[PDB]
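Single chain ahead, written as structure tokens, the form deposited in one PDB entry.
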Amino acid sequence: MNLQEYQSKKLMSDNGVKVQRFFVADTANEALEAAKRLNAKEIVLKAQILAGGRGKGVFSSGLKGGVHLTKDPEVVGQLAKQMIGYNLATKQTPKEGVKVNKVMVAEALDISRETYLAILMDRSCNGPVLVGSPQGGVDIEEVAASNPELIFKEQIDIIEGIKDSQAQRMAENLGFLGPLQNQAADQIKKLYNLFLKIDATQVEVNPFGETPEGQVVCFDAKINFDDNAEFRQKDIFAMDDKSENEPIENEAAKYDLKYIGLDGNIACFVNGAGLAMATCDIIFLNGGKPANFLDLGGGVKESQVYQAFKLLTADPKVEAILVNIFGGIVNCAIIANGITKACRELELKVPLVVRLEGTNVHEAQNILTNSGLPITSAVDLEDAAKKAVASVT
């Protein structure tokens, strides 16, 4: 689940978090009008895509850069025309780039102080953690390696809430002074509360700064949502478009299939996330290149064995399939039947190596073995992997 800059900045502003004033626009004229109506000394036009790196990006129109500053509303309309409906590639997008359908027109504010401030649940601490640094504008991992003493932490007690004194102490360590310290401390309490409210696993503000004119502003920010809180975060999840998600992945999710594409050519189909990762792994250890991680989950319906397959075959790059299922509960001959039924109805034409373990394995490899579809049976996981690799050599 990801939100576009305009969506998250709105969500933040709606919760008392100070952010730049902005308009969103679908066309260049709307962008020109946005800029006029903004009525600001200076304006920033920013292509709206999920991938980071926009500022150092390029558009398929010829325009260099996804983020631009100007005072002339006119230039904003012109620049917008070179962005809308074009593709923007950055260091974080794929080759062909990503379609831009919207741009943000916002008041560009000057920045006197740049600081880092995030809230996340640290797995090490058990409980919310406030992480800040006076050295903002920079990749946090970096500041940690460079100047680890410039990193400040406040362990928040989830049951009490963040204390005024924690917000103040952090506000002061970030470098804020006088009334700005009180503002920063407040923005911080508000960011923490927003963090709890939308079920974020993390809210990262960078730069968390101040204008020469006296305002503490969250200039840019990134929010990660906890997928398990979706049933209580409907509205926020509805704003997820998925337009930037790998196609096979949206398709797989449609069937409660957890698919993660890799670039290899041997595809996997497994039940159990640990076993899935391990299968992608054992394939690699035997000189193969896994094409994907796919965890069928547990409630494996025939229809899902079907879609699971439909999604691996449809992939041009797939040259073989390693199915690794540990039966336990259900007995393998059943599983084997659904595998055959789907592969038949799909006319699977790529070789399939099937590793079935659990109950009735013998018969199940018979039911499999009685088919005449490019299905091959493996005795153990190492055998399965070696066979899938032999298959594409």
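Rigid core here is just the name for the largest C-alpha set that superposes within 1.5 Å across the two forms. Note that residue numbering follows the sequence shown and begins at 1.
Keep in mind the form deposited in another entry is missing from the figure; the text below concerns it.
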- C-alpha displacement of 2 Å or more between this form and the one not shown on the rigid core, among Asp164, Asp157, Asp72, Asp226: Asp72
- Message: Does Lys95 shift between this form and the one not shown by 2 angstroms or more at the C-alpha, the core having been superposed?
- Response: yes
- Relative to the superposed rigid core, does the CA atom of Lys310 travel 2 Å or more between this form and the one not shown? no
- Would the C-alpha of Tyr192 be classed as shifted by 2 Å or more between this form and the one not shown after rigid-core alignment? no
